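Form deposited in one PDB entry, single chain, as structure tokens, below.
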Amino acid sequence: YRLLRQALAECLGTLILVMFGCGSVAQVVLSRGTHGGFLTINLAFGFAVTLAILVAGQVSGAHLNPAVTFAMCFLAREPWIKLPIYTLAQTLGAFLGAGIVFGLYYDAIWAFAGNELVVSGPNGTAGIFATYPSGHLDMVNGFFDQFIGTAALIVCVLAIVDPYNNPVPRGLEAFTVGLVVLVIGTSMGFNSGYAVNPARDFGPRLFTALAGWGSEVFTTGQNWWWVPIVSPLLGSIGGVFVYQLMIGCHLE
């Protein structure tokens, strides 16, 4: 089964970036403003994407993003049956990567607020794994940020992949995709890292429900959990239209 081989590569790729990325957030969150700021969170996530792509680049294409996989299906570059397989493989591996981080910081997480796990607040530990609405990050505000963030990510990715353009040698394509993740995190109002990945958000959030935080991770922030899963999907369609009209449809 050729499809089975590519699912394993996608599962391992998302495991690397989530474990390396969410682990960096834990150091900043748990050690309050001592072991780093926001630049280290965005730098770690950006570099972890480069390593994740390099590990699984030659097997499954190194999408590691349901929005990226959706865009390729929308452009008929890949079969439509590769979306359910990749999405399942990408979510399983962000769940496993988040489980590793919980094992490493088990003692510090439980002692953040005494002996009780708090989903949201001043001493909130659930923000290590999944994004949450801040003071100026309402659903109407949050939906716009992820739409623009994913649209810019798709535009840059489609430029490198484009067969009409000269084939970029292997090695420099991975760094370019990791550069978009770093710039997007610095620009858009999201201090969690790689906020435009549906699989990086649902997986760790699903783990947080069974880790001990309860079901309040799904019924808080005015049911915010579905926003980082639907809006990134829409931005992938917009990014395809933006790129094709300006550049793609006229290349030869």
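Rigid core: the largest C-alpha set superposing within 1.5 Å between the two forms. Just count from 1 along the sequence shown to find any residue number.
Quick note: we don't show the form deposited in another entry, though the next part is all about it.
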Task: From 70, 202, 213, 190, residue displaced between this form and the one not shown - CA threshold 2 Å or more, rigid core - done: 190
TODO: Please check if residue 123 moves between this form and the one not shown, taking a CA shift of 2 Å or more relative to the superposed core as movement.
DONE: no
Open item on the list: I want to check residue 79: does it shift between this form and the one not shown by 2 Å or more at the Cα, with the core superposed?
Closed with: no
TODO: Note yes or no: does the Cα of residue 168 move by 2 Å or more between this form and the one not shown after the core is superposed?
DONE: yes
TODO: Work out whether the Cα atoms of residue 91 and residue 190 come closer together or move farther apart in the other entry than they are in this form, the change being 3 angstroms or more.
DONE: farther
TODO: Please say whether the CA atoms of residue 168 and residue 78 come closer or move farther apart in the other entry, knowing the change relative to this form is 3 Å or more.
DONE: farther
